[PDB]
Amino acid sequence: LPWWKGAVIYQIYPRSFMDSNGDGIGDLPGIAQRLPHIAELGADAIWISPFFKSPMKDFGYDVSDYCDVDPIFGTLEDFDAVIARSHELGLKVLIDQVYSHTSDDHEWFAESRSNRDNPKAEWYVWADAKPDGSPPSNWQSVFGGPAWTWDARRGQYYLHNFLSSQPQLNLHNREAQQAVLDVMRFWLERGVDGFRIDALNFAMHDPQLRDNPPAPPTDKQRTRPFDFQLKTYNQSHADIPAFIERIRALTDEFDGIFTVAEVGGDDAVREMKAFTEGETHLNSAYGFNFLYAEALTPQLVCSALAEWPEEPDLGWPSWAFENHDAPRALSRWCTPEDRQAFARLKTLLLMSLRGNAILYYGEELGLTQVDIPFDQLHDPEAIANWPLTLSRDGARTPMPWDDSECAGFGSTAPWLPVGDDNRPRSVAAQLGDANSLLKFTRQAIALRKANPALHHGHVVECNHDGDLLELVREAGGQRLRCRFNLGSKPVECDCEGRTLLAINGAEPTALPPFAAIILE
């Protein structure tokens, strides 16, 4: 019965939650003021995306000091206040930990790149050019172009799976391993309740520097060099789990800690279970099954869930429909016509999946993707790979609190725009509206919490037939039948039970368009 098993986690993007000093950017005092929103929602924890000292090339995921707060967001004083307010509200607090790379402006890299003999020479991945000047391997950056960059300081290439500004850490190096573990300890000694571990399968590359093989044609249009090749050797080294053991060993030194890993790629499930196996690795992990899905299908849900059987040493999966890395799901999965009814099907479904619900800021209000022009881009990835981008900027818009000029974000000049379609969806307006998605999400969260078959139950059946999904889950004497219509065709279901919840005119025997019902 660990607190995290069955939790809902509300992910905060601190640049766009609440700007408490009027510069156009969210900040930690902003988050402190707004925390009651999350509490009243009934989320068990917050996960704060990176707020550490950073040049902000990957907007905080390029860390230059692992143990301080960036001036953009306030101070270490302000982080201790978010922890204390959260705990007073009964919220657990998770922070992002970014261990596959640092900024190029990090003190470790400034030492590493200085020459070939320094104590940190080997904390990053250095290799000579080919005799013709070429890079040491054919590896390609996640964000466009190659995964290696020249440094004349050393007369060598250095590896970066992401921007040239995010040189890959060499976690094969036990001194680097020890250093990032000591960073995690710093954060654990400040009362943090655990971690979201960034791109954990990028922690470790192949020391042999073998070329990646060509990718088969899964004819998703190829957007960038990275899409041409299987990520065989640039990442996913067999030794990552041994490193994760030292993490769990470290978190076991403190009370009631939760770890969840982000795990990228289509090679996904094998490293997720390896990263979460038994009680020696991480608690949980999430992948991109929903983040990169064009459509929400029953077959995609029964595919995803089938990967995580209740076997005795298997991990506990986490689910993310949307976050800062993928367009707002309502802009992917449904027409404007269908949006209102779909938003509640989707929210109820997230709460009915076996695993943890990763709710992203704005998801409880039904915020839509804001289209960001090429002139107005921030994400380097998009400028490089236009028009075939990851569309992350439009996912990162300021949280709308009221219907004021600044929508209560704290700035008539925010760093990204609110979006005309998100302005009417503000938390204030939704607190006045009795059928609001804010009020529905509360209800979905309360129904998961109070029902042990939703909260944690086994998936005893997952049945898919065209647009109909049925989840049969079960725990503590309870057996629930969860029926979902992911389609605009009224579908006819043989129940013989009690309706816990019915939406969009769902009945025990019939499901109109985008209707769902939980039967006990």
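Numbers follow the displayed sequence, beginning with 1.
- In terms of unmodelled positions of the deposited sequence, the stretch from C493 to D494 in this entry skips 1 to 3 residues.
- The question of which stretch, 84 to 92 or 316 to 324, has the higher mean Cα B factor is settled in favour of 84 to 92.
- Averaged over their C-alpha atoms, the temperature factors of 160 to 168 and 274 to 282 are higher for 274 to 282.
- Taking only the listed residues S391, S404, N138, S134, the entry reports the highest CA temperature factor at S404.
- For the set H101, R344, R222, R332, the PDB entry puts the maximum C-alpha B factor at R222.
- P217: CA B factor lies in the highest third for its chain, per the PDB record.
- In the deposited entry, the Cα temperature factor of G60 places it in the lowest third of its chain's modelled residues.
- Ranked within its chain, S426 lands in the middle third, by CA B factor from the PDB record.
- Per-chain ranking of the deposited C-alpha B factor places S54 in the middle third.
- In this PDB entry, the Cα temperature factor of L486 sits in the top third of its chain's modelled residues, the highest group.
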